[PDB]
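Structure record follows, encoded as structure tokens.
In this note's numbering, the protein residues as written are 8 to 122.
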């Protein structure tokens, strides 16, 4: 509350550390469905159904330009990419499997870097 704060957790390396995680997600062999925005002209239904499209290149640009206020808003966008994927793709598809795999890969790196 006013003049009552928990001890100050050091957040000075968060930017650099999120950048490293995102590099690792970008270079994963199963990243290919997620590297670029879904083409809303060429994929029927996507625009209407997925209210908030997100992809790795859009996260990279937001990160590099100071549009994440803290590490939690970064994680929310990464999770949005996988939540979108699950909304549009059957589990038993190459893309649906890719999204599950990448979500796991991310959540481990997230815990090991910060928790």
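No residue lacks a Cβ here, since even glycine has one placed at the ideal position from N, Cα and C.
What three-state label does DSSP hand residue 41 in the structure shown? Reading the chain shown from its first residue, position 34 is the one you call residue 41. Coil, per DSSP.
Exposed or buried, which one is residue 40 when buried takes at least 16 other CB atoms within 10 Å? The residue given as residue 40 occupies position 33 in the chain shown. The residue in question, residue 40, is buried, as its Cβ has 16 or more Cβ neighbours within 10 Å.
Proximal residues to residue 81 (C-beta, below 6 angstroms), its chain only, five neighbours per side dropped: As a first step, residue 81 is located in the chain shown; it is residue number 74 there, counting from the start. Only 25, 75 meet the Cβ criterion.
Taking Cβ positions only, does residue 44 come closer than 8 angstroms to chain D? The question asks about chain D, but that chain is absent: this structure has only one protein chain.
Top-ranked residue by Cα proximity to residue 104, from 37, 69, 65: Mapped onto the chain shown, residue 104 falls at position 97. Comparing Cα-Cα distances from residue 104 to each of 37, 69, 65, the minimum goes to 37.
Pairwise C-alpha distance: residue 48 and residue 20: What you label residue 20 is simply residue 13 of the chain shown in a count that begins at 1. What you label residue 48 is simply residue 41 of the chain shown in a count that begins at 1. Answer to the nearest angstrom: the Cα atoms are 39 angstroms apart.
Candidates 100, 56, 110, 85: closest to residue 65 by CA position: For the purposes of this step, residue 65 is taken as the residue at position 58 of the chain shown. If we check each option's Cα against that of residue 65, 85 comes out closest.
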